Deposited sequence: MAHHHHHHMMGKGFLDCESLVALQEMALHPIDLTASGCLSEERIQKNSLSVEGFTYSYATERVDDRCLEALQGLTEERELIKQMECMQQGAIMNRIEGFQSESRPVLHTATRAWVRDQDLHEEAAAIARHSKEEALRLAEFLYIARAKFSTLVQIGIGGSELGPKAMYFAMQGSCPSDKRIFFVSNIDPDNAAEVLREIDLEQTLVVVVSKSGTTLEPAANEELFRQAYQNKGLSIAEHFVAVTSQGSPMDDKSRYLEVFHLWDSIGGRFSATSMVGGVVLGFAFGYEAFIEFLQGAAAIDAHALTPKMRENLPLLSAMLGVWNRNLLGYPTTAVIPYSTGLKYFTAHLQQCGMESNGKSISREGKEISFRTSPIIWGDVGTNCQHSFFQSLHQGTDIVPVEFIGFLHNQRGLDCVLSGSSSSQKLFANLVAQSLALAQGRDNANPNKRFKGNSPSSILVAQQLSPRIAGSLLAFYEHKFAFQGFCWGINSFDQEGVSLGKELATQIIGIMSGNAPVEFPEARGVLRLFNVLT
C-alpha cells in the first residue's frame, strides 16, 4: 500500500486539522514531559514540544506498520537491492553502509552484506597497520574530495576534535575553486603532509583537478611525490592504483557517498587525527544505533520516531523546512552534512515504482549552532510568518574541560538551559498587549541530549540521522540511495569543459557568457 493509500495516513489527515495547542495553559504538564520522551543508547529524546498527542502517535505507529518500515530497514541492512527503480534503467544495487561497521559487534550477515563486513574489517586492520607508521612520519593531513567524500568526514573530525588529544593539522580541499587549494597550500609543510585523495568513482573533476594541483606543488618543491599521496576509492576504480599512491584504501559500490563516513572515507582522516582506537569507538557508536533501529515500536526507536515526527511536520502539518540546531561547538559542521544526507537522499519526486508522486518529500534542511542562533534567525522562528520545526541537539557536559562558575552556574549549564528555555518558549509563546512583543508559539521542536560528545556518541548521532532519512524514504516509497541530479551536475561539468576546449545548455551558456564578461 503506497504512502497516501494507507489507512493510518487517512486517520492522520483528520488529526492534522486540529493539532494539539501547545500554548494552552497547563498543556506542557509533568505527565506529558515524562510520557513523550525516550532515553536509550546514551541519549534522551523529548518531544513534548511537538504538536502530537496520543491519538496522533498511535496512528503514526500504524503508519510504520502499514508501510513496513522495520522490514525495509532489515532488508537494507541484510543486503537486499534497495537502490533501484522498477520499470526503468537505474543503479540496481544493495545499500550497505551499515555493513562497514557491523563487524565490530557479532552479527549474522549473509551474501553481499557479509562480504562488505569482512572487507571493511580487512580494510580497518590495514588502516591500523598504516597509521602506526603514518602518524609517526606526518604532522599534516589534507583530504582532497567533495560532497560525500568531504562533508561527513569533516563533520566527524570537528565533532571529535574536543575529545581526542591530537597535534595533527587537518585540512579539506574540495571546491574546484583553486582558492581553496591555495589557502591550504599557504599553510602546510609539504614534506610533513600526507595527501589523502578520496573519490569513490575516481573520476570526479574536483578531486582530480585538486590532486593535480598538489602533485605539481610537490614537484615544484622538488619532493618525491608518490610517497605523500594516499587514495581512497571504489575497488577496481581508475584510481585503485598502488603504483600511483603510497597506499590505497577501498570502499565499494553499495556504499553511498553521503553514507560513507564510517568507511575508509572517514577512517583515514579520523584515524590519522585521533589514532585507530578512536575510529573504532566511532564505529561502535554507529553499529549500536544500526542494531537499535530494528526496534519495532516507534515510541521505543530513536531514528524511527524522529522520522515519523518529521513526516508529521512535513506532510501532515505542511512545514517545508527543518532547522537542526546543535548547542555544540564540536557539531559546527554537522548540519551541513545532514543537509546533504537528507536532501540528496530524499529530494526526489518519483516512487521506487517509477510513478510521479503527489506529495512532498525532503524538506529544506538548514540550521546553525546555539546559542548564536538565538541572536540571529531565531527572530523569525519566534515572530516571523512561517513555522519552522526545530531539532535541538545538546549535551550536559563540554568536551574540552574548560569552564567557569558565574552567578552559581557553569557555562555548560547556561548552554543547556538556553536550549531548554527556547524550545519551551517556541512551543508555548507569550501573550502581550504590545503586538511587537507577543509570541504566538505553537512552533514545534524536539530535544536530543547525550552526556558528552565523544567518538562513540558522534558515531551514534551520525547513524541516527542516516536511519532517520532512510525511514522517511521507506515511508514515502522513494529511492533514497541514488542521485540523478548530482550525476547531471557532473555531466554538465564534463560538457562545459568540452565547450571551453551539441548539449541543451550550449546556445544558452554562450550568450550568458557574453553578457557576464
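Residues of the deposited sequence lacking C-alpha coordinates fall in the stretches 1-11, 513-517, numbered from 1.
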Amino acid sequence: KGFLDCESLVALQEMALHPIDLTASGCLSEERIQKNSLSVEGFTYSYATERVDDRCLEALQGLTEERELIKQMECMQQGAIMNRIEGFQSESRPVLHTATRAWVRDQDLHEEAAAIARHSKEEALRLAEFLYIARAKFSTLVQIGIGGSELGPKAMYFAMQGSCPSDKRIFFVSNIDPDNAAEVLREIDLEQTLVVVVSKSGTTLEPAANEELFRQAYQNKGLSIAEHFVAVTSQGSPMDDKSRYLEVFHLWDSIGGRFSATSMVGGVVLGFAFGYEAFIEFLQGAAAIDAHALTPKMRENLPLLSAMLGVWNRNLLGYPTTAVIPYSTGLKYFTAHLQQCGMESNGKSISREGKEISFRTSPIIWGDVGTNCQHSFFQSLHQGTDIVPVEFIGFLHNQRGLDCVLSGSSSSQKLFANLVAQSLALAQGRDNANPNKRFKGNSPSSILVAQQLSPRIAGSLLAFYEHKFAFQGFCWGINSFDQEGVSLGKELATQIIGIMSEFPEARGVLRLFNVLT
From here on, numbers count along this sequence of modelled residues.
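Higher average CA B factor: 108-116, of the stretches 335-343 and 108-116.
In this entry, the higher average B-factor at the C-alpha atoms falls on 219-227, of the pair 219-227 and 196-204. The residue among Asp386, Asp290, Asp177, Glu129 whose C-alpha atom has the highest B-factor in the PDB entry is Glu129. Each of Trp252, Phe392, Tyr157, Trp366 has a CA temperature factor in the record; the biggest one is found at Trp252. Among the modelled residues of its chain, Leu151 has a C-alpha B-factor that falls in the middle third, as given in the PDB entry.
Among the modelled residues of the chain, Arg55 sits in the middle third by CA temperature factor in this PDB entry. In the deposited entry, the Cα temperature factor of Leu22 places it in the middle third of its chain's modelled residues. When the CA B factors of the chain's modelled residues are split into thirds, the value for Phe359 lands in the lowest one.
Sorting the modelled residues of the chain by their CA temperature factor places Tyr327 in the lowest third.
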